[PDB]
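Take a look at the structure tokens below, where one protein chain is shown in two forms, each on its own, as structure 1 and structure 2.
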Structure 1
């Protein structure tokens, strides 16, 4: 062992030992107890950033911790290879998307190995290979035959000149980010999977997931949005077709003064032939972007349709209106509007001067005041004909039964959750196995023709997909006649919805899953990822597990037992507009900045000379070009230093703002650990520790060693608060530094401490601890060595601290024996001069005493 700590010589040597001896490669061992520690697989963007490093350091800490407890730990790593960013970069760099992705996988694999995460590299998966996507294609065709797949029309962003589908990200400030023209909605047929079939199952099973956080669960409940209500049907005067509308407040039905409808309705098109102003409004709604954010934020405009719907109960003609806020997707694409008891409809009725009818009494039983706002609260009916006097429950059922009896109404469970649309029209994705014959009939691709392989060797113009551009690729022969297979590709969430299952048997050529291997590992014990995936991915993740369960592939009802949603690693984001209106995102390292007195950014230039637009802090990504590469810091300070800093800076779940300051404390700390072991082991071997032959200084030191083990085991195991665990070890290291190591009992005690401390740091800093474990002469490799257990006899306290307050404010602190009564604490508290100062000339009104913790004397 050298005196100086040199990471460059140590770390690469230890990583080679793990690869050659195959330390973290594991099989389905029936003797050992299993632990599946899963981190979410990355998109191969190009470089890693500190967002990636935080995610995988957390998982490797848990995987190494659980390994030391004596369990067969599976920590897999793969690649979510398909995606949009591969296509844009391929055209820009003059390559195909396939080789761009494999080079990024090659680069990032090296970075992960250099960081030294104990992964099972034998179970590696690239989702862009046909070995992977063959089984989801096979699963999709099986899903179609069960009746869980269907085709329908859906709104899509469409740049009209180029004639290509754009994503939400590619639209910016109205116009399209490539060319100068406004983006429009286009109705296009697409494949959907019936996730709403499993709506109640996904919703109700959140109760069983007790080890998931309430942040994620409450978000999913509100996303699914189950809702029991009534679909009311209407007739129109000079129009044949009926208008059906959904509502959760049928009690307020007698106060319905008008009806609102979305722009893409048959009634709106019928009326727009004669009416020129309505025709102008419908063509304006093309510019409405496909996103809930910009749909709600815009001003709630509208125009009168002209047609008059007949209110079934009152018999009154009410005007139909067009509107922006009326979603085509949610409900029936049409609503009853009660402005008297809905804040959205009140604003609409106030603007355009529609009738505002009050039909619900206030809490007191008096008529409502609707001069300022609507009365959203539920109550007793008035101004409702026969339904007057009824409460909310009776009014709901009475108007439901009436409209059911009339035959223009029905009770229905409605979900906010829509069906999962999986058709994309880009190249770099798994092809959808569906075939349109010469007949005209559409049917699944047969089993002999699976997998429908995507051709990797291609050239891309940028506008159209090469598989779509070439008409020869689509050709095939099914049922003894020509046919055209689907050129649309899958959503990238499809590949990430079952990758966790495929890790159990990735080289299994027989089917989608080997059930012996799958049921051994599954369900997942801990699933670590971003809070960014709270809803979207995690809902598909769960949904897809239930489909595989119903297929008879897996036993468990839920895929993951525990979820650890780490906070986002944030960073500043800057950009300047290019020559042809293209957003060039500049990195914070390049950007020269002039700050405010408070800290906020005011101006923003770069090295060249562009006025950069500051878009606040945001998550690190290649999209906004604000990711910070760990390769510089790893080569400077070492992987262990980088890893330790990410865990020490903040607790896992909390959102971190990235900063370079703090890294030097981790490097200095590892030098202090190295120095203390160097000075200890240089003296030589040690004697056997006599437990009951120690001084009070030696007894107290050993108490702190075992108390740190109890804290660090709890902080990692239960709490996942790694910053408090690392801080607890830093305290113990400072006490061990000050402790003298002269005699036999001192060095015997120092052996026990250093063996414990090196084991507790092994999860965080595995490279340095592997080296130090051999120098302390421990049994075998540290990776397989057992986790330290605290001794209950060693941690016994003789006395306890007690704080002495006077009217809440602290005046004294005293040491008192553990087994001590309230009177004994009061007597000791009286002897203190700072306590007795505020007790003179005043009476003790009340005495509060927390056993062995606090005393608060309330004084007049």
Structure 2
């Protein structure tokens, strides 16, 4: 065993071992319990950032841990390889998106391997390859045939392909209740995004107008407070008035281009319940695309109605009582909360629900209103006018008819060998490309490409069967691996990717491809990585941001930063810990830290510094701390093994001191197990390891028994660290002569006999304040404990000439003397 811990001489060798033995390659083995650990796949931008490194270390800890529990563990990696940044970079260099993307993939793959992530590399997928994307093309034609796909022109105004995500709104919404191991925050974000709303449509007669106008409201209870209506710029009534009104027409034209603003339509509606004529405005805040593109306005109780009404001198009418039953102060703003009606005729005194229902019922029976459920969720627009994405498998015949690309022309291959002219997709600018023949007649194949969210919506599934032809999924394999047991990635994907992949899963279920409703049991959103951020003010008044690496700080007598400078001598202002970024120049390159300290130190720091789901504060000093710890583990194993083999441990003949150390070993095992497997607090797991290492470093190692005990502890410690720092642990395991490769060694289980106490610490309070802590035989009786407490000078001091009124006793733990 080398005396010196040398990451550079260890890490690449173990890594090569992992590849040579294919250690982390798995099959669909029905005789084992499966566990699918998934991290969100990276975009091949060029290098890993610190967030990839946190995301994938978390995944790797879990995958290696679960393997040591004896599970069959799938941990796959791949590349979300289509998308915009490649087009930018293709043009910026003298190049094409594909070769730039493949270069980034090789470079980043080598970084992942240098970090020693235990992936099943045989399952590796890159989404820009025809072998991957042909399947989403095929599935898209199937989706179209199921009636879930349609073309339509829309804002972004351009034609687009949509997939009917609204056909699954209620399922996406209901099934959120099945997801207890998703965080509330992500669930609430998807709820609001889907935005199912229960309301009322209300129809008005309009003077000098040969239609009726209908609005949608979620607060029909406030309808007696309605003083005007507001319609979207692009509403048929708004257009009918503009015909004779240059002001209005001017306004409508504005509302397309680049904040309460509107115009008086000149039309008057009759309020169906008061008979009063009310104005109709065109207004900027009203979406033509939602509901009916028109609202009834109630300034007294809708904040945006309040602002609009004030601006244009429209009536503000109160109809909701305050929470305390008093008529609302509307001098400043609207009363938003739902309360009892007043000033609403027949509906006065009704509470919120009763009023909602009475007014709905009334307007229904009058035939000018009905209940109506709307959704904020729009259909999913999957089309882009972009080159670097998977072609959309549709064609147009000469007769005009749109249909899917015939099965025998799939995939539709994106040509990789192209030259970007910056502005037009090569497959657009060459009018030859589109030309095809369908049933031996000329057709034009679609020229738009898929939204990149298309590939990331089903990759997690394809990982189960990456080499399968015949179909998108081999069901047997997919149903074996799915659902994902834990999915680790950022909360920022909450209402894009994390919604799309639930939807796509349901689409694949409903094509018979899988047999479960939800793609992922647990979702873990890891916190952001923060770093210190500094800037100075140039003599031009411009803020110049200086990397915290480049900052020379100086500290008071307690270590607070109080003054700082860069090398050039500028005065820096410390702005605290902040999200890593190019704007603030506080990015840290993981590769530099891997090359400086070895991957194990980097990984250990990032798991130690902070619970997975909280923000992590990057500190060079914490990293050097982690590194020194690893040297202390290396040293203690060096010293222990330098003395050769050990006798078998005799557990019956241990000193009270030995029993105590061994109890601490096994309690640590229990605690680390609980922390990693149930609580998922990896920071406290690691702290328990360090704490134990500190004790082990202080224990004697001369006697045969001390050495046997040290062997047992080191074999446990080395396994406990292994999911965090597997390169050093793999090596140390061999030094200790552990059986086999550590990657397939069993996770240590705590020995119950080792955890038994002969003694217990009893905390002694007097009137609830700690006056002593006594060690007593583990089964001492309450009388024995009391007697011992009263023999303590520290306690007796507070019993002297005062009377014990009563005692509270928690067996073997606490005695409080109430006195007196």
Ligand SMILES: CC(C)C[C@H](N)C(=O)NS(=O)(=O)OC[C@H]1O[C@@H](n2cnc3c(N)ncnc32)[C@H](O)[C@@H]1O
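Positions refer to the first chain, counted from 1. Throughout, rigid core stands for the largest set of C-alpha atoms superposing within 1.5 Å between the two forms.
K.L.:
Of structures 1 and 2, which one represents the form solved without ligand LSS?
P.N.:
Answer to the question: structure 2 is the form solved without ligand LSS, whereas structure 1 comes from elsewhere.
K.L.:
After superposing on the rigid core, which residue among 578, 780, 471, 786 shows a C-alpha displacement of 2 Å or more between the two structures?
P.N.:
Single residue meeting the criterion: 578.
K.L.:
Do you see a C-alpha shift of 2 Å or more at residue 407 between the two structures, with the core held fixed?
P.N.:
For residue 407, whose C-alpha is compared between the two structures after core superposition, the shift is 2 Å or more.
K.L.:
Taking the rigid core as the frame, does residue 46 move its C-alpha by 2 Å or more between the two structures?
P.N.:
Superposed on the core, residue 46 moves its C-alpha less than 2 Å between the two structures.
K.L.:
Answer yes if the Cα of residue 305 shifts by 2 angstroms or more between the two structures on a rigid-core superposition, and no otherwise.
P.N.:
Passes the 2 Å threshold, so yes.
K.L.:
Please report, in Å, how much the Cα atom of residue 435 moves between the two structures when the rigid core is superposed.
P.N.:
A shift of 1.1 Å at the C-alpha.
K.L.:
Report, in Å with one decimal, the C-alpha displacement of residue 543 between the two structures after core superposition.
P.N.:
That residue's C-alpha sits 0.3 Å away in the other form.
K.L.:
Any chance you could measure the C-alpha shift of residue 819 between the two structures with the core superposed, in Å?
P.N.:
Looking at the C-alpha of residue 819 between the two structures, the offset is 6.4 Å.
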